[PDB]
Amino acid sequence: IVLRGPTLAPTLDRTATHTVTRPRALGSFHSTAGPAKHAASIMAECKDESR
Amino acid sequence: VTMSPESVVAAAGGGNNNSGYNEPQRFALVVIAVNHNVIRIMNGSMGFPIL
């Protein structure tokens, strides 16, 4: 009778189970900030020519 | 932005009477933006705290 290496099929594991899909990592590179500021304009209360 | 075949054929003249595009036509692209800002009122005056 014919003799040969028996064929064994691996089993177990898990394929396409409980898809998560969360690989994103937040963060990027762009400009830092802007150094801008302003004062409260200029007030003027003067009349009568007090020298 | 991408133009249209109607635009590229109306750019040249040759239109018949009462066609609008009888003479060559010129076009200009315009873009407007709407944003936010903060105004501070104090000491009987106004100014931009962030500018």
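Residues numbered from 1 in each chain as written, not as in the entry; some residues may be left out. Chains lettered and ligands numbered in written order. Part of a larger assembly, values for the part shown. Heavy atoms only, no water. Residues with missing side-chain atoms left out of burial classes, pairs and counts.

- If you check the header, you'll see the entry was determined by cryo-EM and the resolution is listed as 3.5 Å.

## A short note on the overall build of chain B
Part 1: Counting secondary structure elements, chain B contains 1 helix and 2 strands.
Part 2: Element order for chain B, N to C, with α for helix and β for strand: α-β-β.
Part 3: Taking 10 Å as the expected radius of gyration for a compact globule of 51 residues, we find that chain B reaches 23 Å, considerably beyond that expectation.
Part 4: In terms of overall dimensions, chain B has a C-alpha envelope of 65 × 25 × 10 Å along the principal axes. (Helix = DSSP H or I, 4+ residues; strand = E, 2+ residues; numbered from the N terminus. Rg over C-alpha atoms; globule rule 2.2 N^0.38 Å.)

## Brief notes about the overall build of chain A
Part 1: Per the secondary structure count, chain A includes 0 helices and 0 strands.
Part 2: A compact globule built from 51 residues should have a C-alpha radius of gyration of about 10 Å, whereas chain A, at 40 Å, is more than 25% larger.
Part 3: Taken over the C-alpha atoms alone, chain A extends approximately 130 × 20 × 10 Å along its principal axes.

## Things to note about the interface of chain B and chain A
Part 1: With 7 residues of chain B at the contact, the number on the chain A side is 6 residues.
Part 2: Ranked by residue count, the leading element in the side of chain B that touches chain A is strand β2 (residues 45-47) of chain B, at 3 residues.
Part 3: Residue composition of the side of chain B that touches chain A, by class: 5 nonpolar, 2 polar and no charged. (Contact = heavy atoms within 4.5 Å. Nonpolar A, V, L, I, M, F, W, Y, C, P; charged D, E, K, R; others polar.)

## Some words on a nonpolar patch on the surface
Part 1: A contiguous nonpolar surface patch, about 720 Å² in accessible area, is contributed by B:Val1, B:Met3, B:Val8, B:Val9, B:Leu29 and B:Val31.
Part 2: Tracing the backbone shows B:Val8 in helix α1 (residues 5-10). (Patch = residues over 30% accessible without salt bridge, like charges linked within 9 Å, V, L, I, M, F, W, Y side chains within 5 Å. Areas by Shrake-Rupley, 256 points an atom, 1.4 Å probe, with all protein chains shown as cover. Salt bridge = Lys/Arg side-chain N within 4 Å of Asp/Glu carboxyl O.)

## Thoughts on the environment of B:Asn43
Part 1: With respect to the element layout, B:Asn43 can be found in the loop between β1 (40-42) and β2.
Part 2: For the pair formed by B:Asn43 and B:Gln25, sequence separation is 18 residues and the distance between their alpha carbons is 55 Å.

## Examining the side chain of B:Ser45
Part 1: Along the chain, the position of B:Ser45 falls in strand β2.
Part 2: For B:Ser45, a relative accessible area of 10% puts it in the buried group.
Part 3: A polar atom in the side chain of B:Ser45 sits 2.5 Å from the backbone oxygen of A:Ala40.
Part 4: Not counting chain neighbours up to four residues away, the residues in contact with B:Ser45 comprise A:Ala40, A:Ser41 and B:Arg40. (Buried < 20%, exposed > 50% of the residue type's maximum accessible area, 1.4 Å probe, protein only. Polar contact = N/O pair within 3.5 Å; in protein donor to acceptor, adjacent residues only side chain to side chain.)

## Looking at the environment of B:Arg40
All names here are of chain B.
Part 1: Note that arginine 40 resides in strand β1.
Part 2: Taking C-alpha positions, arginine 40 is 9.7 Å from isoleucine 50, a pair spaced 10 residues apart along the chain.
Part 3: Not counting residues up to four positions away in its chain, the partners in contact with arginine 40 are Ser45, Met46, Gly47 and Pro49.

## What to know about unusual backbone geometry
Part 1: Of note in the backbone geometry, A:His18 takes a positive phi value of approximately 55° without being a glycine.
Part 2: Positive phi, close to 55°, is recorded for B:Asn18, a residue that is not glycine.
Part 3: Residue placement: B:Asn18 occurs in the loop between α1 and β1.

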